[PDB]
Structure formats: structure tokens, C-alpha cells
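So this one's two forms of a single chain, laid out as C-alpha cells and tagged structure 1 and structure 2.
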Structure 1
């Protein structure tokens, strides 16, 4: 009965902060959503098996054991959903030097079974300027638009394989409060 919701967006789009604010407002109203990050959920599982001590060591792992941890992360999130509604911060695609890599390949969706995929969007201009303010980080607006394109294709495909609705929310400067209200609204 409890919902599984995935929140995605490119670095700098502000989707993590948006979800934290939404859960706070859902809790004023008595609706508990537990927030997790899919990637540290994978890191946690790999430490459980003695596979790592360091988080940089993750992307030096073989493609098989990395496919199994992905599976255990989704199943593990599937387990938390018996005890609370779950909101998962993850990438629709990771922009890697080798190309766009789906954050939820089919073997992860079959275990996770989301009810909603959220795509958090804004203009390339607003995204690139946020990045420059972040003292912890250079790529330009065309590469940012390309990524927001490929993220859309990946989430719609997730929707075709899982049955989740795919919801696009705009997170615009001066209007972050509007993004919260629509996301609260989606989940009620």
C-alpha cells in the first residue's frame, strides 16, 4: 500500500532540497515519507558484504557484483516501504565520460517498483549559475540541455516498464515554493 517515489534531476537543479522541504510539510500534516539516496543505499550494501571501505572504490567494481548490489538496493528499499512511504533521490541518468548511464536499469525497477518518477527541471541558465555559486562545483548550457533531454527519455522508458506516472516539476529561481506545493499535491 505504501508508495515508492523516485526523484531525479541533473546536478544543480535543486531536487534534493525540494524533497526535504516537501517531506517537512507532509509531516506537519502527519504524512511520513522516509527519504533515501539510492546511491548511498548501494554503498551501504557493498560495505555490508565487506566489498568496500571507501566510496571511490565503488566505480572500480566488476559489472556482475555491481548488478547484484543494484538488485539488493532496490529490494532493500522495497523492504522499507512496508514500514513507511519512501522517496528515493537518484539520477534518471548519470552523465559519465563513457556516456549517459541509466540510474535504474530494468533489473533495479523489477525490485523497486515505483509508483511515481519525478523529473525536476529548470532552464540550463539557472542550473549553470547555481553550479558556479556552489563552492564545491564547469560544463555549459548545451551539455546541460542534452542531459535533461536524455533524462526524459530514460524516465518515460521506466514508465513503460513499471506503470509509474512520470511527473515533471519545474524548480525555478524565485519560485521554489511553487515547486514544493505541486509536489505535495502530487502525493496527496
Structure 2
């Protein structure tokens, strides 16, 4: 039976970066994890239906459309969990124009049944200055108070996940200049 790890964090905080660095560090110690980006799973579905051109248009779609593709992505990822350990790079909540949407509503949560939910955080300062540094995404320059609001709600959603499934909720700080301490923390967790 395989370990299913969810890594979450607002855009710019480094959930994806922490995850790639962690899996390569685990493979050097002999530990096999698969990286899966939840948003890519969805975007293959959405791109195939013609609803979007790029992945940062997904959060602006009608939220019933997002929840339909949200569920197909979660089913395809649950299939992956049978065949290897998996780390899911995704989001505790997604900021849509109609409010925060839970990234793992109970029906999605119950099919992944994640063993651990990791929250990657740093100060909204660093997140904002990091967003201003990367035209690689159509990332929202919000205020730091909007990022602080998102990290607040993401904690609430994640602790709810832990009440429903029994998963532990691990907060890892990923601060400017200290990416390496965060990789130590996440590696220490996955043993």
C-alpha cells in the first residue's frame, strides 16, 4: 500500500519547487515518489474540451465546470496512487471570482484519502516579490493582504481535511534563502 502526500501553497510560495527538489533528494536515498500536478491533470481535460488555452484560465471558469473537471482529475490521480507512491502538488483552496473553492472537497478528499497534507508558507512579502519576478505564469499580483487572506483560508480548509480523513496537516516554511531547510523538513516528514 502506497503513501499519498498532498503539498499545498498559494501561487508563488514554492509548493512546486519544494516538491521537485524533494523527490530528487529522495531518489538519491533510494525512495520512489511520483510527482503529479493536480492543475495539469485538469488542464489536459479542460484543454481537450476547448474551455481554456492556458492553465491560469481555469480558476475563472464557471465553478460548476471546475468541480466537474476537479473530480475527473482526482479519479485519475487516485489511479496513480495504486501503482506508486505519489506527491500531489495542488492547492488547499483556489481563488475564483466567486470566492475560494476547496481544492479537496469531501468527495475528492475521500477518493485520494491523502496520508499527509503539507502547507507551504512564507510571509506575504516574499510571495508578492516572487510573483512580480516571473512572467512564466499569468499569476495574480494581489495585495499582500489578499495573499494573507488566502493563506488564512487555506489553513482552515486544510485543518478541515484532517478532521474528515484523519490526515495530519504539516506546515513547512519556505523562506527566501532557505529553500534547503524546507527540503530537509519535508524529507524528514516522508519517513
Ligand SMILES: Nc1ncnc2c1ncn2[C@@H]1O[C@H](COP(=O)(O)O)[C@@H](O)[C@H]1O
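Numbering follows the first chain given and starts at 1. In this text, the rigid core denotes the largest set of C-alpha atoms whose superposition between the two forms falls within 1.5 Å.
Participant: Here are two forms of the same chain; which is the form solved in complex with this ligand?
Facilitator: The form solved in complex with this ligand is the one given as structure 2; the other form is structure 1.
Participant: Which single entry of 154, 122, 38, 114 lies at the hinge between rigid parts that turn between the two structures?
Facilitator: Where C-alphas switch their better-fitting rigid part, the residue is 38.
Participant: Treating the chain as two rigid parts, how far in degrees does the smaller one rotate relative to the larger between the two structures?
Facilitator: So the smaller part swings through 34 degrees relative to the larger one.
Participant: Align on the rigid core first, then pass along the CA displacement of residue 73 between the two structures in angstrom.
Facilitator: The alpha-carbon displacement, core-superposed, is 3.2 Å.
Participant: What Cα shift, in Å, does residue 110 show between the two structures once the core is superposed?
Facilitator: Residue shift at the C-alpha: 1.1 Å.
Participant: Keeping the rigid core fixed, work out how far the Cα of residue 126 travels between the two structures, to one decimal in Å.
Facilitator: Rounded to one decimal, the shift is 0.2 Å.
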